[PDB]
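> PDB entry and its sequence, pasted below:
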Amino acid sequence: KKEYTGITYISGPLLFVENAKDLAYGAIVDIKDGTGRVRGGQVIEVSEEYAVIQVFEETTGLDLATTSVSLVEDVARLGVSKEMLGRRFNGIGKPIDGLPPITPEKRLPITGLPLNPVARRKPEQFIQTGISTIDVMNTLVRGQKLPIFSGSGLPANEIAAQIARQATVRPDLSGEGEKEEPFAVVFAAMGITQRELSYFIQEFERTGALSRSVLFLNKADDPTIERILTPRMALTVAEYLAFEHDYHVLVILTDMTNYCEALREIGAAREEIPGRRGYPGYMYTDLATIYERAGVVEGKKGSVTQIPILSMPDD
Amino acid sequence: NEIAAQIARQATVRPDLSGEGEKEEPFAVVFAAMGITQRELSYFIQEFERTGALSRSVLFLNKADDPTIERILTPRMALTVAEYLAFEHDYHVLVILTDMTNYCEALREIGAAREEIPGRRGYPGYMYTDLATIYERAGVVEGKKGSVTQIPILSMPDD
Amino acid sequence: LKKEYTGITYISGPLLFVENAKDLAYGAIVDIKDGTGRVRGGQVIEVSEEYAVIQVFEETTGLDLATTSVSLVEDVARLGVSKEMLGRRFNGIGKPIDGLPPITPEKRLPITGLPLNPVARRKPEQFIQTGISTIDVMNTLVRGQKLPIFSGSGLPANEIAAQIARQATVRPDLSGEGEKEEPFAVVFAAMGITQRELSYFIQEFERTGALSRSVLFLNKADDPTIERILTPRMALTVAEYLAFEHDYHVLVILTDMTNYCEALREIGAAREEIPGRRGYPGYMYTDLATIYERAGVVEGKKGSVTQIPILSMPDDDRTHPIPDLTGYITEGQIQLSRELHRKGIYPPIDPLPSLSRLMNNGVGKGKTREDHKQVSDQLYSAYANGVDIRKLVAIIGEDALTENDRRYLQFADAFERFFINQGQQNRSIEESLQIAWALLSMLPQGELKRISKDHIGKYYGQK
Amino acid sequence: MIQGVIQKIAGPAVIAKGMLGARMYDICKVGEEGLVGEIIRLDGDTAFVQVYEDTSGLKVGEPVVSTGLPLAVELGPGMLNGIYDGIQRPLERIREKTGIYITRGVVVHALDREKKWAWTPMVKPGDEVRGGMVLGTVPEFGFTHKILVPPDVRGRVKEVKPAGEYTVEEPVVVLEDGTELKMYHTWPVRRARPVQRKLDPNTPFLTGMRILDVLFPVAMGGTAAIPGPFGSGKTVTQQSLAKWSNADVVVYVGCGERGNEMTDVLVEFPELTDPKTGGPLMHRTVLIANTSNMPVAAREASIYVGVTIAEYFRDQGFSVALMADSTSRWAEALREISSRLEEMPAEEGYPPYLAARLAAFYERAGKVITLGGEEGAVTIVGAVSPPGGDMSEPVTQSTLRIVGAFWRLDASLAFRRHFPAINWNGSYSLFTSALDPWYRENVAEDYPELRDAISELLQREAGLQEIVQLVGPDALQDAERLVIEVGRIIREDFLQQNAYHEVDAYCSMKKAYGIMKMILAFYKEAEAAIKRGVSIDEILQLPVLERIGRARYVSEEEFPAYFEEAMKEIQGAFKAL
Amino acid sequence: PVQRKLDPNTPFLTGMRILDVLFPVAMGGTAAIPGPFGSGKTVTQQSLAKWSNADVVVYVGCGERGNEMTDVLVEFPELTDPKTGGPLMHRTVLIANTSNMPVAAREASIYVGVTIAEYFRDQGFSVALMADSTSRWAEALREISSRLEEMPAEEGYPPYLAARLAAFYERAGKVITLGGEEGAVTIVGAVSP
Amino acid sequence: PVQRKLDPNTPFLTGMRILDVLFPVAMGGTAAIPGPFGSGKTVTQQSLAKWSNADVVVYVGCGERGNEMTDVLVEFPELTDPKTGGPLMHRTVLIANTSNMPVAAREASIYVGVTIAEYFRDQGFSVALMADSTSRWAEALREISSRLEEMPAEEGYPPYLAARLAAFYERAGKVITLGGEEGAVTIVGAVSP
Amino acid sequence: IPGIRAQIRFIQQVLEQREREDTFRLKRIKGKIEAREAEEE
Ligand SMILES: Nc1ncnc2c1ncn2[C@@H]1O[C@H](COP(=O)(O)OP(=O)(O)O)[C@@H](O)[C@H]1O
Ligand SMILES: Nc1ncnc2c1ncn2[C@@H]1O[C@H](COP(=O)(O)OP(=O)(O)O)[C@@H](O)[C@H]1O
Ligand SMILES: [Mg+2]
């Protein structure tokens, strides 16, 4: 409803819908082509006279005569349910195994609000990987975020899959544990190839590791905006599970090199002066708004624990 | 700051080795200062009030909490005073221009409010002329007895 | 029937805008008549419906807005060419600068080139002797090849330019016997030269007798930069005309490609656009490929164009974009060195970093002589392990080497002053090879590991 | 077909007015001649055309018409034995028309519109077709070329033509919506031809070279990358893995290179020999050719044209091998395109989206069940060339992030005359873990274990070459001179391979396994023997060594009989000391 | 405002063994801790928070890990200041602006911290302000500058960077307040280059 | 205007040993001397202008300090021209636009010096022109192209910089004058990076 | 060898960054020259 027409100007990934005073800043539109090919896009810079839609995907086949702009769902929301566990999704939550899609128990925003610093408690307990030098010399306290700094040719995906399919929490080492503490792994694999994808498919369907994990494979020939949104969908699902059903969710974000390259690609649209190695200025902020969403909360029993894996590009 | 205060404490001219005759005129000091903090200003003021120089020195203090553009006026204030007192009353003026890096950042700020095309590392294209119009107001005059001797200070950034 | 657009506004530096010009094509050449009557040249960039833009070639001094008028001439840039121009000098644009009358142009050609068709381009197969022995033996120029000369600054690249210009010939003896007639030409595009280098060239050509088969496109440094951009287009279109319509074998010598790229950078900044890597423009690779890929033999045509561009690397690096992109299109390089030049060696080519990527399919049996590639390989490896033994003996002491390393030491030091230190004599290819075997015969047989048995049997044991 | 005029020219940028409704990234004909450019940055009414050729000569006033479609490839029969360029134009007919120059304004068609093909229908009038379904074949070159439904259109069908002999402009099936399907159809070159399942790598791309399928496999559908320095035998390995390969359609993409570095291809690659007929090779080859001074957008779009053509041959069920040569050249074509669109560069002058584009190229490559219901693959051997031997250049780094196997070619081994000049130190393969059960069920049961034995023996020789360099080969221990001697016989009979010898060229898995086991059996009995009863000179002087050295010069039709004699002779001649 | 500014002659006992012996810092002093990641730089800020001789401590974190601030809220009300007794949380005012909290407020967070420390200066205490990651404050000045379309200098930062940062660090010192009683505020700034 | 350009076969004897032996320069030759600050450019060019075998010498101080021009005014007339018996100051014309004298006139300074040198060439003399700090003239061009809002080339210099430097350095060179007798201008340009 | 190659990669980085700032400021000059002399009044 209310398709804004009257696009004045389309240049790169940008288009200028005029007579758009009703669009909010930061709203999400979909652009309808004359053939009928819809696309996502985000309102930036809404003036008194036009709005600068950013087309996330390519602007190919767009034109000025017969292009429409709708307005779809002002904040990017997500439908989550606890029957996600055991099913592999897209970067943006399309199911990719042929099992039928999710009816949403709740629909909740994928940015996530900041936790309140007086509401967070301290990371206390211990979760067990299988790696001896991750368990004894370093130690992955649940509730923290700690990265694995791999390199160029090192095995990072093999260790990702290993401490995904074997890491457990053992409450019997302490007492009182309610021995089957509900545990889950959210594995967000971003910017991966087809070979690595098929590797992770078979590695999770070998043992029962898929039956307690959610999967967010990205298969790097997709549009770059899916590679942006993959950590946010993963952490939205993980925050839901851990703060509404008291799990101990362990999120592995597979390749944070590809997230930041995708960030450098797509955030060139607003034409600012960039930071050190071509990367944007705000990249501390955008890495922070997905690394800070870990952490435990005083008054709940659930936790989120992150392992971001990233390759030092040169060593 | 200690070497500049030490120079201005004890810099004397020797007529024993030149035949001028004693007649000894000591130095007026024009002490200009641009973004000194407090910790250096208290050093220079304690140094001068000890060695008895605040009766011959005119001080142009621009502390680092005063607004950061009147540094564009301050060396010109000090050198106009120095040109007067040297070339029309026969003094032997010594001008201490503290920390020209603060002055040069004070005009990088203005020259990048005007989108003026810069030299290297952001400083504007004309900065050589401004540093020239400060530094080259020094020297002696033929026919007069005045002089202006400049010790500027620099704080080289990555030294 | 001229048509003066008067009514101009906004002269600025090089630019001037004409009010109503919907007739000028993009990329036309124009006459800018002053108030007094001196005519300048200009090229039309950026034609639009409300104004047209003209980049004036020369200085803008006498210009005002009342009495100033532009006029079209030759709305795409052409060169009026004949076969006759083989004794003539020209200045970028293509006007005679030696007092002889203008040529009668039997054709007129567009100076931007159409690109060849890779189906209709056969492969380079036969050689072209240069006389310079360190070229003709170790990295042979073949016909249909482009190979540059990576000068330094202080090195005499202009003198070796003139020497290859007045000394190169094909030689129809040592092929399969091939109709000796085989006419030959040297097109010589000196862009961005001084006055001193110009008087050097127009005395160096006139003294021998080698201006009666060359053609010289010379412009000085204080000539308009856009003429300097047009210059290698002019030279290559004369050469391409000659070689593919009158069966000539043309050698084209492009002096100072660095000065070309600097003029290209300044005109690209005048065009009101944004540069690329290290300040040079974005399209620099395509704009150098446009004037190197106009060389090569063609299937069916008898002619052939060979191309030596001579360029000074700016601050002695091959990672500057000028030698980077030039060596990334062209095939091999030969490289002058300040070290041999300071020891006093002319021409100071060192053959260790030099390379021709196309020698191996140009030399050998029937083309020049049987042993050529083996001799070249043996010379290269023997001098290459002579050099490090020289560097070693400054700490070892000459006693504590064997006999065999000592023989390599004497090889290296007699190599670089009999085979390289040529002087200004002409070494035809067999004199080069007999000096090659005389130099290899300071080593024992069987130390010569690369050469096969018969050549060591036949040519060894000289001098 | 919206048509307007020019109101501004500046370089290659033509601001053309009067075009309301030209879809963005359409390609369009500028001028009276037709210069093909593309439509960027619609603005109100105008549209900014970027012209491919140079625009010297156009006036303000010439008409621009729009073709209406984006950058379109024309897929159909007749594409084989073809030498195209980066926007799919045939260079052979441009040579026939306009002499020796690619003059601007040339309009030629990609497929011959005047050549009869012998139709053979394979639907009944009445059926229902969907995208990617076969509807009849064409005998092309001893090659049952099929004709597919284009990937969108569907419906029932009356009026299929009978078994005539037609031309490519003829509507052969006419659906129930008008909708006349010709033999050929266009396709946008920047979209993946859609299939139903990307399969998973289970099956090796059998190259023929017994280093690059034994030690570093590439696993049909996957992705390899090779660097090329000079002298390293680049062309002989590319031509040998087009010649002796597994896949039965070869697409070669030369994406902008030196003219005399590709005219050797154009005078040698036709005159090869397909070793399944004895006929020429070009009856299963498309050859996209660019020199450097061809316009920039052709050089940018050439690898997309190549991968889209090879996806079309994948969609018929044929294994396809794609050799995309010198992708660093394509990368700097993309860098110039980024410079003329006024963008801020990345690390070097490359754009931000460089890894996105290279991922889009190397990820349209894979084993697939097509829409028809049959498998195929587009395995890419896509080569790279850093201009300085200078890996961690951004192109080579992005390539090595998204490839599956990487094969170095040192010139030093070519200098020491070791061909194929692959270096087993810097190279690597990531498909050895997936090709494990295929080997275990087709080559032999223990195959990867003796693979790993030979690989670590190479590791050991390369390790203790150090005090070989300090001392010499003749004063080691006695169990270490054995390691370097077996490392030398591995390098001189299992890795070195004459690509011109008629029988040493092709080497299957049974033969490579036989040679491999034979060397390994010699070593495991010689290392047991050197500590009990023999010297070293009573080992290296032994006439089975010549039979292992001859073992690669044996026809595979007569190999296993020779393998039995060689193995039993090893057992006897080491009993005899 | 102040009446006049004494020069410092009295150490600020940081309670370490290298930073009060080798490299001391006086009471009205300014000091900087630049450090790359994984080199502490936060454990030292907290050991300065606990073990000092300041009478009050204004711990301002701007653009910093949230676990830092919840460590300081959880473990401080069970300590003991070695000057009065009572919980060590009873002397600290902490101004948190965590890294994911909005980026424009971490400009003003520094100023609110330095104003509250000056108020406890004017009551005649020896305050210790600890700014954490002034480089993240400078990043906030960059993101409000490029939003405002200015011409930057030296890696994106606006050219008045040293003007603002200098006027921040200048507010330190040991003064006699307008009531006549003396008091001081020291300032320790963490830099994460 | 000129009748003929010759080719140079007579050196420019500087006096300094390394210059007139290892890297000589002929009579109609350009010659350039770059160097860092405080490296010995101005002392070198004063010794060139004090000892060379030229008839007259035009010294262009284009954007250089004033005490090192007052040096030339005070300690030249005590000296003596080596070729004849006049004092040294009778053979030098001295064009001097110093630093703080206004910034547009530097272009005028370089051109006034070279056209005076061309006049004394046309008379028949043999003129040497020591022009220092051509990069200060390049800076003057940069500032006025800043005012013009033209687009700059690399480093900020306007694009016609090298065109004007060539148009200046090609004005030297050992001619046969219009009058019929030969003469020469040699140019030594100091370049300060 | 690795210390010098590290310093070389450091210096190559800072030079590329200053080049990136220059081709930002050129875009700003071109934007401010076109946004006056293409649509003023
Ligand atoms: N509105 C403005 N505010 C600040 N500086 C400006 C403004 N407009 C222009 N400038 C700067 O001042 C210079 C003005 O030059 P210009 O307007 O062309 O001629 P004039 O020198 O007569 O003002 C420009 O180089 C620009 O850098
Ligand atoms: N030939 C020389 N003899 C003696 N001193 C020299 C000579 N050349 C240079 N110097 C010294 O080098 C210093 C540099 O002076 P100057 O030429 O002004 O430096 P710059 O290179 O900055 O112009 C002078 O103080 C002078 O003492
Ligand atoms: Mg000087």
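Now that the structure is in, tell me what you want to look at. Residues are numbered from 1 along each chain as shown, chains lettered A, B, ... in the order given. Ligands and ions are numbered 1, 2, ... in the order given.
> Name the nearest residue to the residue of the stretch 201-315 of chain A found nearest chain E, ignoring sequence neighbours.
Using CB to the nearest CB, the single residue of the stretch 201-315 of chain A nearest to chain E is residue A:288, 4.0 Å away. For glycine as for every other residue, the C-beta is placed from the backbone atoms N, C-alpha and C. Spatially, and ignoring its direct neighbours in sequence, residue A:288 is nearest to residue E:99 (4.0 Å; CB to CB, 6 or more residues apart in numbering or on different chains).
> Confirm that residue D:250 sits in a strand.
Yes. Under the criterion used here (DSSP: H, G, I helix; E, B strand; the rest coil), residue D:250 sits inside a strand.
> Could you check how far the closest residue in space to residue A:276 that isn't next to it in sequence is from residue A:275?
Distances taken as CB to CB, 6+ apart put residue G:17 closest to residue A:276, at 6.5 Å, once the chain neighbours are dropped. From residue G:17 over to residue A:275 the distance is 9 Å, taken as CB to CB, to the nearest Å.
> what residues are shared contacts of these two?
Both residue G:17 and residue A:275 are contacted by residue E:155, under the criterion CB atoms under 8 Å, 6 or more residues apart in numbering or on different chains.
> before we move on, the earlier item: now the residue nearest to residue A:276: how far from residue A:271?
From residue G:17 to residue A:271 the distance is 17 Å (CB to CB).
> check contacts around residue D:245.
Applying CB under 8 Å, 6+ apart, the residues contacting residue D:245 are D:205-208, D:321.
> ok, and the most crowded of the residues you listed?
Each of the contacts of residue D:245 was scored for neighbours by other CB atoms under 10 Å in any protein chain shown, and residue D:205 scores highest at 28 neighbours.
> thought it was touching residue D:223?
No. Applying CB atoms under 8 Å, one finds residue D:205 not in contact with residue D:223, separated by 10.1 Å.
> Tell me how many other residues surround whichever residue of the stretch 351-500 of chain D sits closest to chain E.
Proximity to chain E, evaluated over the stretch 351-500 of chain D using CB to the nearest CB, is greatest for residue D:352 at 17.0 Å. If you count neighbours by other CB under 10 Å, residue D:352 ends up with 24.
> Mutual contacts of residue D:205 and residue D:223, please.
Here residue D:205 and residue D:223 have residue D:379 as joint contacts, going by CB under 8 Å, 6+ apart.
> Please, which helix or strand holds the residue nearest to residue A:276?
helix G:2-37 (DSSP states H and E).
> Please point out which parts of that helix sit buried.
Buried residues in helix G:2-37, defined by neighbour count with 16 or more other CB atoms under 10 Å in any protein chain shown: G:16-17, G:19-29.
> Tell me if I am right that residue D:397 is in a helix.
Yes. Assessed by three-state DSSP, residue D:397 belongs to a helix.
> from memory it sits against residue D:391, does it?
Yes. Proximity of residue D:397 to residue D:391 meets the contact threshold set by CB under 8 Å, at 7.1 Å.
> about what we covered before: tell me which of the contacts of residue D:245 is nearest to residue A:32?
residue D:321 (40.5 Å; CB to CB).
> CA atoms of the host helix or strand of the residue of the stretch 201-315 of chain A closest to chain E as CSV?
Residue A:288 belongs to helix A:283-291 when elements are defined using DSSP H and E. The C-alpha trace of helix A:283-291 is given here as CSV (Å, rounded to 0.1, in the frame of the first residue of the first chain):
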residue,chain,number,x,y,z
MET,A,283,34.0,0.0,12.3
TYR,A,284,34.7,-0.1,16.1
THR,A,285,31.0,0.7,16.6
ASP,A,286,29.7,-1.9,14.2
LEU,A,287,32.0,-4.6,15.6
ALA,A,288,31.0,-3.5,19.0
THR,A,289,27.3,-3.8,18.5
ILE,A,290,27.7,-7.5,17.7
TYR,A,291,30.4,-8.3,20.1
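> Summarise which helices and strands the helix or strand that that helix is followed by is packed against.
Moving toward the C-terminus from helix A:283-291, the next helix or strand (DSSP H and E) is strand A:303-311. Applying 3 or more CB pairs under 8 Å, 6 or more residues apart in numbering or on different chains; DSSP states H and E, one finds that strand A:303-311 makes contact with strand A:148-150, helix A:157-165, helix A:224-244, strand A:248-253, helix A:256-266.
> Residue A:200: which of these is closest?
helix A:157-165 (6.1 Å).
> How about that closest one and chain D, any contact?
No. Using CB under 8 Å from any CB of the partner chain, helix A:157-165 never reaches chain D; the gap is at least 9.5 Å.
> now that helix, how far from the chain's geometric center?
Helix A:157-165 has its C-alpha centroid displaced from the chain centroid by 19 Å (CA atoms, centre = their mean, to the nearest Å).
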